[PDB]
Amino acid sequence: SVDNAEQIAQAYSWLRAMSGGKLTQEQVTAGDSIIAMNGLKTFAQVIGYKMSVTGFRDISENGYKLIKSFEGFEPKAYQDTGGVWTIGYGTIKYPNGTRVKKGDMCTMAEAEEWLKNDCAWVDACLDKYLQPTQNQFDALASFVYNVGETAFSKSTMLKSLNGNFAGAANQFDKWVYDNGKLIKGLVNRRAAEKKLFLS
């Protein structure tokens, strides 16, 4: 409703998961055009992003640790696989809505700030599809932020959540395929989310 530049980075990282893990410069250029032209709400609405209050738990420092681990610190802006300029821990939009560009530089304490804004939709999403999971949804937050809202809502992994927590823990492992192929980073990532799923 009330537009805020904070939410641009959020819609985009939500879109990034719905687009299978990456954005193309085509998407970003299209969506920035929409945002300039129609307003942030039209952008969020057409993709299905319902901007979010959830007094359930927040991503703890350790949750951010593994999230950080998989994104990979980049202290200078670099052109990603899709062609979008990117910096820090996967950040393409600063909290003030401006774009990462060629030349930008950061520190880890800067980059983790932008990452918290990047991720700030994950707990709201986790809330609507889930029992309070104390504070070991830090593995789930890393999971939904990687895999996306629609993916989580259709998952057999969600079935065993709401209460076989042991099959959920084994479900992390199955999500390692991309494009029919097995991805070492994913099982590596899946492993660390499965393992962190066990306090």
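Don't overthink the numbering: it's just position in the shown sequence, from 1.
J.: In the deposited sequence, how many residues between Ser52 and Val53 have no modelled coordinates (none, 1 to 3, 4 to 9, 10 or more)?
T.: The entry has a short gap there, with 1 to 3 residues left out between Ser52 and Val53.
J.: Using what the record says, work out whether there is a hole in the model between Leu130 and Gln131 and how many deposited residues it spans (none, 1 to 3, 4 to 9, 10 or more).
T.: Gap between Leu130 and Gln131: 1 to 3 residues without coordinates.
J.: Looking only at CA atoms, which has the higher mean B factor in the entry: 92 to 100 or 70 to 78?
T.: Looking at the recorded C-alpha B-factors, 70 to 78 comes out higher on average.
J.: Decide which of the stretches 164 to 172 and 42 to 50 has the higher mean C-alpha B-factor, going by the entry.
T.: Averaging CA B-factors over each stretch, the winner is 164 to 172.
J.: Could you check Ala151, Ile35, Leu158, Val28 and tell me which one carries the biggest Cα B-factor in the deposited entry?
T.: The record points to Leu158.
J.: Lowest, middle or highest third: which one holds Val2 when the chain's residues are ordered by CA B-factor from the entry?
T.: Middle third of the chain for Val2's C-alpha B-factor.
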